[PDB]
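Student: What follows is a single structure, and I will ask about it in a moment.
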Ligand code: CLA
Ligand code: CLA
Ligand code: CLA
Ligand code: CLA
Ligand code: CLA
Ligand SMILES: CC1=C[C@H](O)CC(C)(C)[C@H]1/C=C/C(C)=C/C=C/C(C)=C/C=C/C=C(C)/C=C/C=C(C)/C=C/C1=C(C)C[C@H](O)CC1(C)C
């Protein structure tokens, strides 16, 4: 048997175990249609990748912030980076939308037509924008070291590791958000605060978490 | 606010109850056709025990708090009702019958409860409403009547 | 089947046209669970008073059972290693695992010996019945080892449990009315029987 | 075979091959055979380190009764040749040496009979008859040719006893503030005084003791204050 | 199977024994693709050779001309040559050489001919080992010297990163650091300078300064990965 998200319940019919991180977790049956499930697969992978990258950013910047280097904490870095160098806010946002819109649109229309961008329309590139699977766009640009086309079972292991770490990162970033909303301080500052007095500094003491 | 949250929770309870009794455990006919049991349970349980419970709430919260509010003290200084449940001596300050506890009730000496179960008639002249002691006495008699 | 004493005037053990949470195979299970928790709780409510009266624990403890921190209005105790909320979160998580897995054994019998749980799998197989799992840990020593003795132990479990349930209701009622501990009530009533009763303590 | 209790059926995966086998496994953690092997190695390691620790506390109490073992790691209590040694370098020595030996042994776990050969002086070797009992240079005197089984049982039994007595050493070391022999003699002072009934609840250990540059956090096993 | 790292273990299925100095060290599986493995082979060779030359440079630079802090040396040696002119010469010359070598990589057997003097032609080779005028003679045999060069190279790369951190913690050269360590082995290690405890964490102070004013326009000088030191 597979390990299920809830030992004892059989897994739903549309979830089999061919995917990565497949634990049969779908109580609302949101992914019953195969196209909808395929789209949600891509959604989970993208959210996970941005979450991993973001939480790495938060943790590293906070490590640099507690030690006396002069880094701002993550709720202040936007203001001080825009303010301190010279940068006009809206032009930066607009260029963000330019580049992100270009690449993200390429991804969208590669989902609609699965092998369309490998035609040569972009400057000269062929078979380096052809996708490998759903949400795994491995070529020379996106898998430069070349891990996807060797050691297939070990590659399945890498898929499993990616999905697990991504989910952990997503709930980690949610942790950063709600944690800052509750305590109003930096995250690794909270880690050191809880690590100094574990029995008396936790969520059951802020007065905001449990209002009883 | 707490009452609001409680109301919402009871609402979810009711919708789940409806789903349960149509789809999972649906009664047969002859459950419904026992009108005599339904009469007993409604008359006793719903009307009667509701009256008795609300009499309890009036006697232990609504009489003293309104006595203080009509006495003139602002509402914040008034003790919270769980202090009225837990501390007998505050009730003994307000209505001295409570200093004797529930001994008058079980020995049929009900005449000593004339401080918070009254029969005065008209209105509260400082307020414009009915006397709440009458209201509590009323629900007590109602509950005895319906439970009988 | 245990504890069947010819009782039940209101008629709840009729299998015919039954369902939901009122059926023979859930009401009996509920009886045994309530019996076990009631035994445990009864001993727990008595123990600090008797241990403190015999002088075995110090007098920082020897507090009445409703003053542990269960009802913070009635009196709490500072000196635990954390706040009662921090205790309560641990309670939520641990009891969640235990009670929830127990539920999974009731709904799907035998389905608790497959998925990896740190190797604790031969212990949680259960048995044919659902209120008496057994196994190497719920039945450490093989108590009885037969059939003629097993019914006797089940029956004694049931009767002790029923006695415990009535006892625990007694502790609750007494703690409401007289406001003292249960061992305090035993001492006061064994002092003066006629002058200490329920009817003398009508105030 | 005597069991671990009267009238208890033995499990099916505990037959009598391993030593000290009483058929006692209420949690059934040794159902998987690979698990049984790895946990056997765990029992042997814990037994042997614990026997060393018990003899250590005992002989330090016999020889020089001033050394309170629970405070013996502080960098000023150490003996003759050095008394202000830098704990960083000492940790470096221990790290490299123990890493070498334990990584080597783990490799003996994963591949049975693969690290017997001396890597430098290649004409050296130890024959291990069973996994976890090397022999050879580890048996310089050769007491392991008579049936080897009763010596397995004696080793494992004494080790279990040593593990329990060492946790006794630490527990009553944190309760009553004294070493093992001091606690035994103070219990022989008066038996009814100086009991577990009175001294527990008081955990005499500090919150965080300072070493040369850092502050180690310290914990007792139960909240006593 | 000769020896392998962590002996007794099993090598990965893609490493067999064709290459010099392969011992089955790929837990990440970064050499599954042959087309990757050729590029990474060339990468290892080139990094090894640069590191060997640089480590010998640092050692001999300290030995012959002591009290010239190699980590500062750019702020030092400045000559009648302008730094812009030096940067230009380096840019054009190194650009030529690297482009030629990379053309040999991606298209084998093409750049073997001298462009100017059309008589000389480099003989056929195996990639990464050109030969010819690049190696006048072999002392010993080839297949052993390949192993020796890879070993000395990997050791040299580790030696240079050791040099960088050994400068960014202490503030001295390599041999001077060795003298300091032999002066007090128990008290001068990396474990003897910094440590992390759940209570507190302490790191060595950075000896190396901030932005360095070379010629007015300052060069910001950070230490590598400042915030994660012990
Ligand atoms: C999500 C749970 C769920 C699901 C899937 C179903 C599914 C079903 N139910 Mg069921 N039911 C449920 C919950 C559910 N019910 C609950 C909670 C109750 C208790 C209230 C019932 C009570 C119930 C009865 C009594 C009956 C069904 C019936 C049915 C069947 C047909 C339903 C249909 O076409 O009407 C769909 C109808 C709607 C979507 C209308 C919505 C009605 C809501 C409550 C109105 C509330 C809005 C309110 C007016 C506010 C508006 C303000 C103003 C603008 C007007 C179908 C199998 C019928 C059946 O099987 O036929 C033989 C049937 O007789 N169910
Ligand atoms: C003491 C027992 C008792 C009580 C309190 C009630 C109360 C009620 N019954 Mg009722 N009933 C009973 C016994 C009881 N019944 C018996 C024995 C039978 C079988 C003969 C029935 C058969 C019956 C039918 C067929 C119907 C009712 C209905 C109603 C509701 C009328 C609406 C109203 O004005 O309520 C005012 C609102 C309140 C008082 C809010 C309080 C509601 C909470 C949940 C108290 C309910 C107590 C609950 C019945 C005890 C069992 C709970 C369950 C978890 C086991 C009311 C809630 C009617 C109804 O509304 O159906 C939903 C209806 O159609 N009953
Ligand atoms: C129906 C509503 C109702 C309710 C809820 C109450 C409730 C109460 N009245 Mg009351 N009262 C009522 C109607 C009501 N009355 C009416 C109508 C009158 C007019 C006749 C009075 C007249 C009256 C007087 C004159 C006095 C009270 C008093 C009291 C309080 C103490 C009762 C007592 O002495 O012990 C009675 C004993 C019990 C009710 C037994 C309780 C048993 C508990 C709940 C069982 C719990 C067991 C369980 C296993 C515990 C779990 C353990 C574990 C899980 C933690 C109590 C809060 C007394 C008081 O405190 O004054 C402030 C008092 O002096 N009342
Ligand atoms: C108000 C109308 C009403 C009526 C007439 C019924 C009637 C019925 N329900 Mg039902 N139910 C209701 C509301 C109602 N329910 C609500 C609102 C819910 C959601 C919580 C449920 C949830 C529910 C479930 C989940 C189940 C039933 C079941 C049953 C059946 C057997 C009940 C029985 O004998 O148990 C006797 C009841 C008890 C032993 C429980 C008494 C104690 C609980 C806590 C109720 C206390 C009520 C009281 C008002 C609380 C006062 C508060 C005070 C103490 C402070 C019967 C057909 C069962 C069934 O179908 O089996 C045949 C069943 O499985 N119902
Ligand atoms: C410049 C870096 C570099 C590169 C590109 C290679 C490349 C190669 N080595 Mg190699 N090696 C290096 C440095 C390098 N080596 C060093 C310094 C050592 C000594 C520790 C070794 C020891 C070594 C052994 C023992 C073996 C190899 C083997 C191999 C080959 C197959 C493994 C593979 O695919 O890795 C590809 C390499 C990379 C993709 C580079 C990864 C760089 C990562 C992403 C940076 C993160 C490193 C991290 C910061 C840790 C730093 C170390 C710290 C102490 C500073 C491949 C040609 C195996 C072989 O010969 O089989 C053919 C083999 O058996 N190497
Ligand atoms: C039989 C019959 C028949 C017919 O037909 C019908 C009818 C009549 C309905 C029926 C009857 C019934 C009955 C009588 C019942 C009863 C019950 C009870 C009392 C329970 C309890 C029950 C009870 C219970 C559980 C309890 C439990 C308890 C506990 C846990 C406790 C705990 C605790 C402790 C330790 C101490 C501390 O400090 C506190 C706490 C923490 C709190």
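Chains as they are written, first to last, in the deposited numbering: chain 7, 29 to 240; chain A, 160 to 307; chain 3, 61 to 263; chain 5, 32 to 256; chain 6, 28 to 257. For each residue, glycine too, the CB sits at the ideal point set by N, CA and C.
Output the boundary residues of the alpha helix (DSSP H) element that contains residue 239 (chain 6).
Tutor: Counting along the chain, residue 239 (chain 6) falls outside any alpha helix (DSSP H), though it belongs to the beta strand (DSSP E) covering 239-242.
Student: Less than 8 Å separating the beta-carbons of residue 260 (chain A) and residue 67 (chain 3)?
Tutor: Taking 8 Å as the Cβ cut-off, residue 260 (chain A) and residue 67 (chain 3) do not qualify as a contacting pair.
Student: Determine the DSSP secondary structure at residue 91 (chain 6), reduced to helix, strand or coil.
Tutor: The answer is helix: DSSP assigns residue 91 (chain 6) an H, G or I state.
Student: Here's a check: name, in chain order, each residue in its chain whose Cβ is nearer than 6 Å to the Cβ of residue 131 (chain 7), leaving out the five neighbours to either side.
Tutor: Correct list: empty, nothing qualifies.
Student: Between residue 119 (chain 3) and residue 129 (chain 3), is the Cβ-Cβ spacing less than 8 Å?
Tutor: No, the pair does not count as a contact, with Cβ atoms beyond the cut-off.
Student: Using a Cβ-Cβ cut-off of 7 Å (strictly less than) and excluding sequence neighbours within five positions of residue 121 (chain 3), which residues of its own chain qualify?
Tutor: Cβ neighbours of residue 121 (chain 3) beyond the five flanking positions: 108 and 112.
Student: Check each candidate in 118 (chain 5), 140 (chain 5), 193 (chain 5) and 133 (chain 5) and name the one with the smallest Cα separation from residue 245 (chain 5).
Tutor: Ranking 118 (chain 5), 140 (chain 5), 193 (chain 5) and 133 (chain 5) by Cα distance to residue 245 (chain 5) puts 118 (chain 5) first.
Student: Taking the straight line between their C-alpha atoms, what separation do you get for residue 80 (chain 5) and residue 169 (chain 5)?
Tutor: If I take the Cα positions, the gap works out to 16 Å.
Student: Quick check on the DSSP output: what are the complete alpha helix (DSSP H) runs of length 4 or more inside the segment 107-185 of chain 7, in order along the chain?
Tutor: The qualifying runs are 117-140.
Student: If you draw a straight line from the alpha carbon of residue 210 (chain 5) to that of residue 257 (chain 3), how long is it in whole angstroms?
Tutor: Cα to Cα, the separation comes out at about 55 Å.
Student: Taking 7 Å as the limit between beta carbons, can you name the residues of its chain near residue 141 (chain 5), skipping five residues before and five after?
Tutor: Nothing meets the Cβ criterion.
Student: Taking 8 Å as the threshold (beta carbon to beta carbon), is residue 236 (chain 6) in contact with chain 7?
Tutor: Judged by the 8 Å Cβ criterion, residue 236 (chain 6) is not in contact with chain 7.
Student: Should residue 129 (chain 5) be counted as a contact of ligand 6 given a C-beta to heavy atom distance under 7 Å?
Tutor: Residue 129 (chain 5) Cβ: outside cutoff for every heavy atom of ligand 6.
Student: Would you give the residue range spanned by the beta strand (DSSP E) that residue 121 (chain 3) belongs to?
Tutor: No beta strand (DSSP E) contains residue 121 (chain 3), which DSSP labels as neither H nor E.
Student: In whole angstroms, give me the CA-to-CA distance for residue 222 (chain 3) and residue 229 (chain 3).
Tutor: If I take the Cα positions, the gap works out to 11 Å.
Student: Considering Cα atoms alone, identify which of 290 (chain A), 252 (chain A) and 303 (chain A) is closest to residue 217 (chain A).
Tutor: Looking at the Cα atoms, 290 (chain A) is the closest of the given residues.
Student: Bridge partners of residue 248 (chain 5), per DSSP?
Tutor: Partner(s): 239 (chain 5).
Student: What separation, rounded to the nearest whole angstrom, lies between the Cα atoms of residue 227 (chain 3) and residue 242 (chain 3)?
Tutor: Each residue's Cα considered, the two are about 10 Å apart.
Student: State yes or no: is the beta carbon of residue 57 (chain 5) nearer than 8 Å to at least one beta carbon in chain 3?
Tutor: For residue 57 (chain 5), the answer is yes, since a Cβ of chain 3 falls inside 8 Å of its Cβ.
Student: I want to check one thing, is the minimum distance from the CB of residue 80 (chain 3) to the heavy atoms of ligand 1 below 7 Å?
Tutor: Not under cutoff, so the answer is no.
Student: Suppose you measure from the CA of residue 78 (chain 5) to the CA of residue 112 (chain 5); what does that come to, to the nearest Å?
Tutor: Their backbone Cα atoms lie some 31 Å apart in a straight line.
Student: Closest to residue 77 (chain 3) by CA distance: which of 186 (chain A), 265 (chain A), 170 (chain A) and 179 (chain A) is it?
Tutor: Of the candidates 186 (chain A), 265 (chain A), 170 (chain A) and 179 (chain A), the one whose C-alpha sits nearest the C-alpha of residue 77 (chain 3) is 186 (chain A).
Student: Spell out whether any CB of chain 3 is found under 8 Å from the CB atom of residue 55 (chain 7).
Tutor: Chain 3 contact via Cβ: absent.
Student: Within the same chain, show all residues whose beta-carbon is closer than 6 Å to that of residue 285 (chain A), passing over the 5 residues directly before and after it, in chain order.
Tutor: Here the set comprises 229.
Student: Reducing DSSP to helix, strand and coil, say where residue 300 (chain A) ends up.
Tutor: Correct three-state label for residue 300 (chain A): helix.
Student: Please report the residue range of the alpha helix (DSSP H) in which residue 211 (chain A) lies.
Tutor: Residue 211 (chain A) -> alpha helix (DSSP H) spans 209-216.
Student: On the criterion of 16 or more Cβ atoms from any shown chain inside 10 Å, does residue 258 (chain A) qualify as buried, or is it exposed?
Tutor: Exposed is the call here.
Student: Return the residue from the list 183 (chain A), 243 (chain A), 190 (chain A) and 210 (chain A) that minimises the CA-CA distance to residue 298 (chain A).
Tutor: Measuring from the Cα of residue 298 (chain A), the nearest candidate turns out to be 210 (chain A).
Student: Could you check the C-alpha separation between residue 76 (chain 7) and residue 159 (chain 7) for me, to the nearest Å?
Tutor: So the two alpha carbons sit approximately 19 Å from each other.
Student: With a cut-off of 8 Å, does the C-beta of residue 222 (chain 7) fall near any C-beta of chain 3?
Tutor: So, not an interface residue.
Student: Who are the Cβ neighbours of residue 186 (chain 6) in its own chain at under 6 Å, not counting the five residues just before and after it?
Tutor: Excluding sequence neighbours, residue 186 (chain 6) sits near 82.
Student: Report the neighbours of residue 225 (chain 6) on chain 7: residues whose CB is nearer than 8 Å to its CB, in chain order.
Tutor: 223, listed in chain order.
Student: Specify whether the segment 201-215 of chain 6 and the segment 85-98 of chain 6 touch according to this definition: at least 3 beta carbon pairs, one from each stretch, less than 8 Å apart.
Tutor: The segment 201-215 of chain 6 is in contact with the segment 85-98 of chain 6.
Student: Report yes or no: is there a C-beta of chain 3 within less than 8 Å of the C-beta of residue 284 (chain 5)?
Tutor: This structure leaves residue 284 (chain 5) out entirely; chain 5 is present only between 32 and 256.
Student: With distances taken Cα to Cα, identify the nearest neighbour of residue 235 (chain 5) among 72 (chain 5), 126 (chain 5), 101 (chain 5) and 218 (chain 5).
Tutor: Looking at the Cα atoms, 101 (chain 5) is the closest of the given residues.
Student: Find the residues of chain 3 that neighbour residue 177 (chain A), judging by a C-beta separation of less than 7 Å, and give them in chain order.
Tutor: Per Cβ cutoff of 7 Å: no residues; residue 177 (chain A) is ~14 Å from chain 3 at best.
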